[PDB]
Amino acid sequence: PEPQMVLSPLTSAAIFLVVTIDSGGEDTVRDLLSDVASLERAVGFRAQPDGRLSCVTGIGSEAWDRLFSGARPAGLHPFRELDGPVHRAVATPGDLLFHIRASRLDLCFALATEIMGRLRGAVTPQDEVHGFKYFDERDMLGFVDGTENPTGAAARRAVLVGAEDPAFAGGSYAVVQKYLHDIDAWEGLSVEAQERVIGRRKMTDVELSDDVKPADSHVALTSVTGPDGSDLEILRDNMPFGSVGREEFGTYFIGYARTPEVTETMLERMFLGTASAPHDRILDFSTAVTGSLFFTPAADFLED
Amino acid sequence: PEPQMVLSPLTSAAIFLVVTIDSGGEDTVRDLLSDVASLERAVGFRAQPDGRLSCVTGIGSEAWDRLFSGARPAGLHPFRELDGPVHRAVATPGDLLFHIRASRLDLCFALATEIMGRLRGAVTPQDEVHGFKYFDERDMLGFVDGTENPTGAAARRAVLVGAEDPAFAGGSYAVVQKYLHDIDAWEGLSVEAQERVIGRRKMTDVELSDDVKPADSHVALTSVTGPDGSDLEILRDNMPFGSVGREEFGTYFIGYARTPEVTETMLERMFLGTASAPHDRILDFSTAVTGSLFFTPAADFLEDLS
Amino acid sequence: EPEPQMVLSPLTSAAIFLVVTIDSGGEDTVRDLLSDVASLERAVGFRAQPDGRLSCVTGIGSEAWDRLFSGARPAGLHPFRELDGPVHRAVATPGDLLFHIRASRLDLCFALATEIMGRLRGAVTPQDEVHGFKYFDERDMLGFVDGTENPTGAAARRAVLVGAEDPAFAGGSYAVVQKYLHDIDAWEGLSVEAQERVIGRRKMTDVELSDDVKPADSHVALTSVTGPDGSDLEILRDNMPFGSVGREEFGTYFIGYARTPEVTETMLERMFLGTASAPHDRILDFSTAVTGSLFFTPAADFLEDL
Amino acid sequence: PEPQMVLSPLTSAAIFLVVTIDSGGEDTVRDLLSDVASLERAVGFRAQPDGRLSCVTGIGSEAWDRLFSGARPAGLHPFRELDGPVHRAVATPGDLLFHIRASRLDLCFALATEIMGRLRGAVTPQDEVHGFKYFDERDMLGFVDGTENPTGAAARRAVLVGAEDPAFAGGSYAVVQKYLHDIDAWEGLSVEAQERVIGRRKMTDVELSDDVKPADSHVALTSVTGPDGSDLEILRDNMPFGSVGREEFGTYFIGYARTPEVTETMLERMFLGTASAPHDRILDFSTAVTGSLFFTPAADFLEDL
Amino acid sequence: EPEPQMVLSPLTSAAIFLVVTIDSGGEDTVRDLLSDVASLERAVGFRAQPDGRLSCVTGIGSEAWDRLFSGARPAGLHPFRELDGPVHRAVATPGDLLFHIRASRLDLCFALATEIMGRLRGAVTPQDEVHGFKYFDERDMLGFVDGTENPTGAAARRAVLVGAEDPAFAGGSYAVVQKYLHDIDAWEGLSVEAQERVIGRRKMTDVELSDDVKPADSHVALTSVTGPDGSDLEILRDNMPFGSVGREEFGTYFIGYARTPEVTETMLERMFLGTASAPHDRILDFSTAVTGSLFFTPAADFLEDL
Amino acid sequence: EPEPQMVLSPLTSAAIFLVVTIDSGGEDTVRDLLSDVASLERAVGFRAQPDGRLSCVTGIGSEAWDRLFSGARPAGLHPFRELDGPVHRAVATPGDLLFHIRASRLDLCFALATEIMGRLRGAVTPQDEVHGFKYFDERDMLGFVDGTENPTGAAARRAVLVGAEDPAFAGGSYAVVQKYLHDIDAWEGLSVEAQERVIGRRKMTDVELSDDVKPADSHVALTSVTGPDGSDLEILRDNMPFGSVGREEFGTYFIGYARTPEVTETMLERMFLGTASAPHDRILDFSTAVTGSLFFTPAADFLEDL
Ligand code: HEM
Ligand code: HEM
Ligand code: HEM
Ligand code: HEM
Ligand code: HEM
């Protein structure tokens with residue numbers, strides 16, 4: 001099976017598009033699905049090799065049942081709301097996801113325009129986010145973001161559905177959350193206090209040693225080990241976004257995994273806490289305003 | 001006089017911020033204006049040479065009177081509304097303009113944050129546009145945008161105030177209009193009909209012959225000669241922007257000129273028309289939703305403030 | 001496993017195409033050259049890496065094969081077959097060797113060409129030399145993006161490289177070449193929308209026409225072939241513009257690689273002889289083939305152990 | 001006044017077009033001259049900043065009188081043939097020169113196509129050369145080519161007409177010659193011998209010292225000093241060209257100068273020699289097959305036609 | 001199933017070679033650093049991707065291996081063997097750990113070397129530190145192109161990575177380093193033609209000399225070796241220039257990877273001790289070895305699992 | 001109009017600083033080299049244009065000048081003035097010629113340095129050789145951005161080039177060099193906020209500390225100087241990192257250019273001796289000067305005319 005481009009080269013721009021399907025809009029949706037790879041080539045080819053344009057297309061749980069009969073991927077369910085003692089992970093509507101990435105925003109915008117043009121009258125936009133990475137891979141909190149992502153074989157093992165669900169091999173599961181930051185509060189901390197919240201040094205990006213790293217630091221709470229003592233990993237491509245005039249400074253989280261159970265265990269640790277950690281300290285400066293879960297099929301599924 | 005970076009090398013991203021100055025906010029703005037060049041260096045230096053970050057700061061006519069006590073640039077006035085039979089050019093509020101450009105959008109955003117941090121509580125935002133150039137210099141209508149801009153000595157002569165206003169030599173005047181387009185109407189026309197709207201061929205950007213170029217084309221109406229028969233010129237750096245979800249597809253227009261009279265004359269011809277042309281046909285697919293005029297002083301003028 | 005030649009190459013903006021016949025008694029000099037071509041490619045290109053992106057793919061003709069080697073023949077190796085259609089004809093012309101040379105810069109291509117021809121002087125006669133350049137936005141001489149639908153990755157490998165079906169020649173491929181001359185005057189007299197109907201795609205945006213409007217005699221519809229099982233039969237193209245302004249020669253050099261010549265020959269038959277629903281490919285109304293040959297490009301290790 | 005792009009940044013591709021004007025062709029040519037700066041911006045603007053497309057247009061002595069009335073540039077005359085004891089600098093026909101330069105040949109070709117599309121039926125082609133520099137600024141003989149070109153204000157002084165001819169300030173004079181090389185004879189020398197021909201080291205491009213540099217080396221003959229002992233300089237943008245099947249290996253010479261007499265003095269020294277040199281030894285491996293002289297007017301001159 | 005280290009790196013223009021010995025009692029501090037070195041690679045390099053191309057290959061010497069680890073040793077690991085030739089000698093010099101650090105820029109190499117050596121203060125003693133730089137056209141200090149005949153792709157894998165023959169260390173390699181200093185005065189006293197006869201390729205164009213003119217004592221003749229079956233034996237080199245103008249030190253840092261040190265050893269034996277037809281490699285009359293050490297570079301999983 | 005040397009260079013990522021003394025009887029050989037160095041720059045640089053940006057600025061010391069030249073001398077040319085503070089000391093060390101060689105890559109620098117030294121062998125003795133490298137974000141070894149408030153354009157020319165105040169030497173400049181080593185262990189035990197109070201700017205964002213919080217003994221405070229007429233007295237710096245990881249040597253090579261050494265001297269006096277409000281520059285609590293030399297860099301034509 002040929003996968004969609006979940007395993008993309010690094011990109012500096014992105015458009016995230018989340019829509020719901022209107023009643024009656026199912027067949028227009030299906031026709032787009034069968035053409036989305038053709039559109040990707042059409043927009044991207046003339047801008048190569050620097051463009052790096054790709055599109056990953058996801059389908060939510062409730063949408064799947066409307067669109068397709070027969071077998072359902074084994075881990076597809078709606079996003080699970082988490083109501084912690086202090087912080088909460090909200091669940092918000094979404095039926096399709098377009099994750100569009102490139103080296104420049106104009107290529108993302110071009111592709112989005114063609115997709116949205118084909119769907120007009122068949123869907124309702126829920127969220128549109130134009131992301132940009134800082135030139136040194138830093139996020140809105142000023143920390144490098146992406147450093148521990150798996151690469152090569154480890155990435156394929158972590159991200160791609162295999163023989164555990166054969167009919168859907170080559171697919172993946174995407175979780176999105178739009179965060180908005182309290183920048184005023186964050187900038188009132190010392191750099192050393194920010195370090196203790198994330199778990200790594202700010203300027204040099206070196207992990208804090210195990211003797212100094214807090215139990216409630218981000219890196220601590222999202223480090224998860226499986227039965228066999230192996231690291232359970234996800235692949236993230238978080239993107240900064242914002243608006244200077246409305247004081248909107250955000251991180252657009254997106255995490256890919258082979259099963260949602262990994263990502264969901266991480267979110268439970270962050271929002272609900274553990275015996276040794278009340279919650280992820282990053283959430284004292286970060287509020288989630290969306291939350292959705294999708295299955296991103298194999299490319300050959302969409303073609304048929 | 002050292003100008004601000006009006007004559008920038010080509011850039012693929014911009015932010016345009018327009019703000020009004022609240023009652024009492026004047027001292028806070030003066031302090032910021034004296035620091036703006038220092039912030040552009042702080043944000044941009046460590047990204048050289050590929051970052052190409054620059055900020056041009058512009059001040060409106062009403063703001064000028066509140067901020068500065070002495071002489072006024074000769075050409076500085078409120079943007080003049082134009083009510084034609086069909087199309088209107090609106091005047092909207094704007095005291096200060098920050099026109100931020102770079103090779104990437106994050107550098108523009110960093111500078112925009114530092115500026116707005118210094119101005120919080122003293123200004124109200126009126127407009128914020130994130131722009132992005134297409135990879136072949138095309139605008140939202142599919143046409144190459146910028147080809148006939150002046151270059152080198154010719155552009156310096158068209159854009160920068162000189163002897164005519166010598167206390168303000170080294171400044172320029174900028175006109176800003178945000179235009180939204182009707183893209184479904186546009187794409188219903190045949191390529192050849194689009195070529196009659198603009199005045200140039202779509203794929204190869206070659207100007208149409210004088211034998212075929214309609215009088216109400218955009219290229220006809222915006223070409224002006226002076227008394228002596230020499231061409232009057234402006235420098236533009238129009239930027240696409242928009243939102244696919246809301247079907248907003250736009251051009252942010254910005255023109256710089258040594259005097260407003262040249263840009264005003266062009267606007268007059270587009271909206272009000274001529275003996276042979278009712279109006280610029282590009283306006284049958286473009287609506288103006290903002291309209292403001294700004295003087296962009298010499299860089300030393302800003303440094304020497306309090 | 002056999003090592004292919006660089007049939008599957010990264011994009012290149014320049015090429016040279018060299019087609020020669022082997023003179024009587026020149027067999028031995030050609031064999032020696034074959035054994036060193038890969039070493040010449042390295043010697044010219046290695047110091048210009050990684051931006052140079054120099055490669056050469058060598059092919060051999062049906063009659064030449066039997067002159068050079070003894071033992072087995074590749075299964076699909078045969079002379080280019082002439083196509084005499086009611087209107088358009090595909091000519092067969094002589095050619096014993098093909099050098100298909102690619103790089104980011106024409107001077108690298110010329111340097112390698114110089115070395116190869118240096119070694120073959122007096123043993124071969126030139127038939128065709130074309131120096132190709134692609135336009136900055138992947139357009140061809142007709143002003144359409146060209147190469148959009150080529151296969152990539154693993155599908156490219158399955159479509160082009162010989163496998164188990166002919167195990168002695170696994171890792172090889174078949175090249176068909178055709179030099180075409182365009183009537184650019186006729187072409188440039190069509191509207192864009194009518195050009196879109198000849199090719200089967202949008203010109204500016206390169207989006208394929210939908211199935212309810214795509215003509216049966218467009219290029220894309222005729223070169224779209226399904227097999228027995230209903231698999232799309234695919235080829236890999238690297239078409240290159242060429243020409244001379246002074247002699248009015250505006251051309252497309254066609255080259256297509258395929259695991260078996262049958263696929264390329266079925267497309268040619270549909271172009272030239274037509275189907276029940278299409279008399280011929282409308283592209284031929286603006287395009288005339290002046291050369292035509294068929295070559296086998298063996299695995300690189302076959303040429304080495306020569 | 002605004003000069004044409006004579007002073008170009010380095011480009012790796014070029015197209016040289018030389019044509020003659022047919023009977024009744026003048027009107028069509030004048031209309032194109034008025035348009036060629038607009039055409040350059042039309043082809044080039046959308047491929048900026050990497051494209052570096054420029055067109056310099058040149059007019060020959062005979063053509064000037066057919067196209068324009070009134071003043072002539074003071075230095076404009078037909079190319080002067082030089083019949084040396086061994087080597088000959090030939091004169092051939094040309095009314096108009098288009099010198100087209102870019103980072104890639106497709107851009108050069110697109111411009112050329114539009115210019116010639118406008119001139120079709122008015123003009124006859126004399127020469128068309130597509131040129132390519134090697135990736136390390138080397139020419140067909142294997143040497144670095146362009147090292148001692150002047151730069152900056154020194155180039156401007158050497159190349160652009162000024163006060164001496166104020167009606168034509170901002171323009172320049174271009175001499176073109178196409179050279180074919182005998183590569184097999186060149187590759188027969190050792191490197192040391194080739195260095196003696198040129199006047200510089202082959203790999204490092206360091207000039208041979210005055211005591212070792214032969215009097216008949218290329219660098220020695222083309223190094224001229226004025227009355228006051230100042231150096232007379234030209235700007236060159238030589239380009240390799242060829243065809244492997246016909247065994248054609250070429251340099252296209254093009255030199256610009258504020259007066260033709262500098263370039264002509266250098267040609268004299270090369271083909272006729274001096275007291276201590278019979279001729280330029282580069283000529284023992286290089287044969288001139290065209291020669292023409294052109295004036296390249298200020299760009300405003302053409303725009304105003 | 002094993003993941004190798006980055007032995008097969010893309011081309012890099014900067015390097016740092018660090019060789020250290022492990023002090024008495026430093027074993028535990030070393031093992032902890034070995035388990036983190038891949039993490040430190042990401043820490044330094046991630047934020048400069050994708051153009052940074054930062055990597056670190058870590059190797060371990062024979063004596064060191066027994067001090068650090070209990071259980072099996074890699075089959076070919078032993079100390080560098082000194083070669084005492086009639087004229088030329090290849091010395092063995094102490095070395096327990098190699099860090100071969102490559103990137104597109106020297107700052108990334110230096111930052112990573114800083115972090116590694118910071119963790120190892122107190123536990124190791126430096127023996128050598130070289131800062132390598134590319135000449136821009138892949139030349140070495142002798143002015144010849146250096147790298148041309150290196151294997152690529154599949155051939156490279158097979159030549160470099162330990163396989164089924166030593167399954168516990170699959171994904172490993174063996175590295176041989178020698179720092180050479182050149183007599184540049186002597187070399188530049190040669191004609192280019194004489195320099196060509198030393199190396200066995202043309203200087204300017206890098207084309208290999210024909211088999212009937214290439215001397216038997218030429219560098220290329222003596223490092224060309226065939227196996228029992230007749231097949232070539234290959235190694236992967238990434239030789240780097242280094243130097244100090246004031247002290248007249250002009251050098252080549254030789255580094256050569258192979259799946260077994262027998263291949264590299266056979267090349268060295270042929271260079272230093274000669275054959276029946278060649279006394280020694282002529283390159284050594286202008287090149288003196290001042291270090292020599294052998295290391296095993298384990299699979300990446302081996303280190304992390306520590 | 002006298003042509004300056006390339007004091008005002010574009011940004012470069014690599015440098016070699018070469019400081020020599022002239023041996024007894026070497027004057028003639030140095031005079032000949034000085035007259036050819038601009039030719040050597042062209043020869044080495046040209047074939048790497050346009051990315052190479054290779055330049056060499058040649059400096060002559062006070063004692064050397066008197067040895068090489070007769071007649072008038074630059075008005076400001078003296079040996080470096082040793083500074084003996086209560087705590088910290090600026091040393092003076094020998095140096096007759098400075099070569100400041102810059103480029104986008106180290107190989108160009110090294111090849112030019114090799115041509116220069118080759119011509120001078122026998123005539124001069126080396127005193128210092130430093131190979132610098134920039135960090136990808138313009139940072140120094142203390143972790144701060146380094147060069148931000150350097151003058152640019154017309155301001156830079158006015159600051160660095162000699163003019164009508166010494167017209168026989170118009171187009172020259174003065175260069176002061178000091179090699180600094182940093183105690184990084186001591187620096188790294190400060191908090192980020194504490195490091196920011198030493199320098200005078202924020203570490204991550206490079207924004208100037210406000211006038212209400214900037215310490216009197218911070219770097220930026222002490223090196224900000226105003227003239228009688230209220231004008232800012234500016235120098236042009238191109239400080240470069242260097243080091244050796246094995247030796248734990250981590251350095252900044254300081255070089256500053258100005259039209260009179262009185263400007264550079266005033267800033268050194270404030271650092272090492274202090275003011276009324278500050279004992280010394282706190283940056284010297286982590287930085288030790290180990291060289292100190294002053295040179296005059298004549299106009300280009302001065303050097304050619306020899
Ligand atoms: C709320 C906004 C978020 C921000 C700004 C943020 C930023 C960071 C940064 C700076 C790191 C360390 C560098 C790196 O390895 O990338 C990190 C690590 C990580 N975060 Fe986040 N992150 C956010 C949310 C999330 C969420 C919601 C999840 C998971 C569901 C997640 C999972 C991870 C994981 C697994 C790692 C790597 C831990 C390791 O070293 O193994 N993060 N993130
Ligand atoms: C409404 C959105 C606008 C769009 C999409 C737009 C687009 C264009 C395009 C495509 C061209 C041709 C290529 C070139 O740039 O030279 C152009 C030319 C021009 N436009 Fe606009 N334009 C707009 C508004 C205006 C306005 C409001 C003015 C003046 C106030 C203006 C002044 C000009 C000028 C002066 C020219 C060059 C004409 C020439 O001298 O050949 N534009 N415009
Ligand atoms: C006059 C010569 C030619 C020109 C200028 C030309 C141009 C084009 C263009 C513009 C496309 C559409 C974009 C693309 O997918 O690359 C196309 C597609 C194609 N052409 Fe041609 N072509 C020519 C000759 C040939 C010939 C001789 C063949 C085959 C024997 C060929 C086979 C194809 C195929 C198979 C495709 C892809 C169809 C699809 O699956 O979408 N073409 N070519
Ligand atoms: C015949 C084909 C020609 C070739 C292959 C050629 C090649 C070269 C080369 C390699 C150099 C040395 C590097 C440099 O550019 O500075 C050079 C220098 C020069 N060439 Fe040519 N040249 C040719 C014809 C001519 C002609 C016809 C002229 C003038 C009429 C000329 C004038 C010069 C000048 C003035 C220099 C610079 C000398 C100096 O001041 O050092 N060349 N040529
Ligand atoms: C003084 C140190 C060295 C210098 C400057 C040097 C330089 C060269 C050069 C210029 C080439 C020809 C182009 C190419 O890389 O293929 C060459 C080839 C080669 N060198 Fe070295 N080398 C050195 C040491 C070594 C040593 C110590 C060995 C082996 C232990 C070695 C093995 C090779 C091999 C195998 C080739 C490939 C030959 C072939 O198959 O064509 N070299 N080297």
Side-chain angles (χ1 to χ4, degrees), chain A residues 45, chain C residues 42 46 139-142 144-150 176 178 180 182 199-201 206 208 219-225 232 234-235 237 239 252 254 256 264-265 267-268 271 281 283-284 286-287 289, chain D residues 89 139-141 143-149 175 177 179 181 198-200 205 207 218-219 221-224 231 233-234 236 238 251 253 255 263-264 266-267 269-270 280 282-283 286 288, chain E residues 90 139-142 144-150 176 178 180 182 199-201 206 208 219-220 223-225 232 234-235 237 239 252 254 256 264-265 267-268 271 281 283-284 286-287 289, chain F residues 46:
Chain A
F45 179 74
Chain C
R42 296 184 295 270
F46 173 83
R139 299 165 188 289
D140 56 23
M141 189 64 78
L142 301 184
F144 280 67
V145 176
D146 194 326
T148 306
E149 291 289 307
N150 276 323
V176 178
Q178 298 178 298
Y180 286 89
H182 297 300
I199 298 302
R201 314 184 60 95
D206 190 29
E208 183 179 358
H219 189 58
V220 163
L222 283 178
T223 53
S224 287
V225 189
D232 277 355
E234 288 181 288
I235 64 170
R237 291 161 304 104
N239 295 343
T252 299
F254 171 82
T264 310
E265 285 165 355
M267 305 172 165
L268 287 170
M271 285 177 61
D281 186 336
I283 210 168
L284 297 175
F286 302 98
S287 309
Chain D
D139 71 12
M140 195 64 75
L141 289 195
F143 280 74
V144 183
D145 192 340
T147 314
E148 290 293 313
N149 276 329
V175 171
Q177 298 173 297
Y179 286 95
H181 304 290
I198 301 299
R200 307 173 89 68
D205 196 29
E207 184 171 348
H218 185 54
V219 160
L221 289 165
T222 59
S223 287
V224 192
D231 286 7
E233 301 174 272
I234 69 164
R236 299 159 290 114
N238 294 342
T251 297
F253 173 82
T263 316
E264 284 163 352
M266 294 181 179
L267 285 165
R269 296 170 52 107
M270 291 175 57
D280 188 338
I282 215 165
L283 301 177
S286 311
Chain E
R139 284 174 196 282
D140 59 35
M141 208 67 85
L142 298 185
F144 277 68
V145 185
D146 193 317
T148 313
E149 288 294 300
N150 270 323
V176 174
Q178 290 179 302
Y180 283 101
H182 299 282
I199 304 303
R201 318 182 60 84
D206 196 20
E208 179 174 343
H219 184 60
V220 171
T223 61
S224 295
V225 296
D232 293 22
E234 311 180 278
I235 67 169
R237 297 160 285 118
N239 299 341
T252 302
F254 171 80
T264 310
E265 280 175 353
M267 294 173 170
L268 291 167
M271 291 180 55
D281 182 345
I283 211 172
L284 295 183
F286 303 102
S287 317
Chain F
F46 176 71

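Below, chain A is the first sequence line, B the second, and so on; all start at residue 1. Remember, it's 1-based here, ligands and their atoms both numbered in the order they're listed.
- Evaluated by nearest non-hydrogen atom to atom 2 (C) of ligand 5, the leading choice among C:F46, E:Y180, E:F286 is E:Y180.
- Within the structure, the closest approach of E:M271 to ligand 5 falls below 4.0 Å when heavy atoms are considered.
- Residue C:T148 has at least one N or O atom closer than 3.5 Å to an N or O atom of ligand 3.
- Shown in contact with E:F144 at under 4.0 Å from a heavy atom are these atoms of ligand 5, numbered in order with element: 10 (C).
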Next item on the list: Output, in order, the C-alpha distance, side-chain angles, deciding distance and verdict of side-chain contact (heavy atoms from CB on, under 4.5 Å) for C:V145 and A:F45.
Entry: CA-CA 8 Å; C:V145 176; A:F45 179 74; 3.5 Å; yes
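- Protein N/O/S atoms found under 2.8 Å from atom 21 (Fe) of ligand 5: E:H219 NE2.
- For C:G147, the closest heavy-atom approach to ligand 3 falls below 4.0 Å.
- For ligand 5 and E:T252, the ligand atoms under 4.0 Å from any heavy atom of the residue are 5 (C).
- When only non-hydrogen protein atoms are considered, atom 12 (C) of ligand 4 lies nearest to D:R200 CD, 3.8 Å.
- The pair C:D146-C:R237 meets the salt-bridge criterion, with a side-chain N (NZ, NE, NH1 or NH2) lying under 4.0 Å from an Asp/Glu carboxylate O.
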Next item on the list: Report the C-alpha distance between C:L222 and C:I283 in whole Å, list the side-chain angles of each, state the deciding distance to 0.1 Å, and finish with yes or no for side-chain contact (heavy atoms from CB on, under 4.5 Å).
Entry: CA-CA 10 Å; C:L222 283 178; C:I283 210 168; over 6 Å; no
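- The heavy atom nearest to atom 13 (C) of ligand 3, out of those in C:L142, C:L222, C:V145, C:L284, is found in C:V145.
- Inter-residue side-chain proximity for E:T252 and E:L142 is flagged as unmet; no heavy-atom pair is nearer than 4.5 Å.
- Residues D:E207 and D:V219 meet the side-chain proximity criterion, which asks for heavy atoms closer than 4.5 Å.
- Contact annotation: the side chain of E:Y180 approaches that of E:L284 to within less than 4.5 Å [non-hydrogen atoms, C-beta and beyond].
- Near C:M267, with a cut-off below 4.0 Å to any heavy atom, the atoms of ligand 3 are 30 (C), 35 (C).
- One finds the CD1 atom of E:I199 at 9.0 Å from the CZ atom of E:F286 (value rounded to the nearest 0.5 Å).
- When heavy-atom distances to ligand 5 are checked against a 4.0 Å cut-off, E:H182 comes that close only through its side chain, counted from C-beta outward.
- Under the salt bridge (charged side-chain N to carboxylate O under 4.0 Å, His left out) criterion, E:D281 pairs with no residue at all, not counting sequence neighbours.
- The closest protein non-hydrogen atom to atom 27 (C) of ligand 3 is C:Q178 OE1, 3.4 Å.
- At the top of the distance list for atom 16 (O) of ligand 4, counting protein heavy atoms only, stands D:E148 N, 3.0 Å.
- Taken to the nearest 0.5 Å, the CD atom of D:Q177 stands 10.0 Å off from the CG atom of D:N238.
- Atom OG of E:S287 and atom CE of E:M141 lie 11.0 Å apart (nearest 0.5 Å).
- With hydrogens left out, the protein atom closest to atom 40 (O) of ligand 4 is D:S223 OG, 3.7 Å, a heavy atom.
- Put simply, no part of E:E234 is less than 4.0 Å from ligand 5, judged by heavy atoms.
- Atoms of ligand 3 lying under 4.0 Å from any heavy atom of C:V220, numbered from 1 in the order shown and given with element: 41 (O).
- The shortest N or O to N or O distance between C:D140 and ligand 3 is not under 3.5 Å.
- Listed by number with element, the atoms of ligand 5 under 4.0 angstrom from any heavy atom of E:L268 are 27 (C), 30 (C).
- Put simply, the side chain of E:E265 does not reach to within 4.5 Å of the side chain of E:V176, judged on heavy atoms.
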Next item on the list: Show your working on side-chain contact (heavy atoms from CB on, under 4.5 Å) between C:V225 and C:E234 and close with a plain yes or no.
Entry: CA-CA 8 Å; C:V225 189; C:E234 288 181 288; over 6 Å; no
Note to self: side-chain contact (heavy atoms from CB on, under 4.5 Å), that's the test. Do D:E148 and D:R200 meet it? Break it down for me.
What the structure shows: CA-CA 11 Å; D:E148 290 293 313; D:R200 307 173 89 68; 3.6 Å; yes
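- In this structure, the separation between OG1 on E:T223 and CE on E:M271 is 7.5 Å, given to the nearest 0.5 Å.
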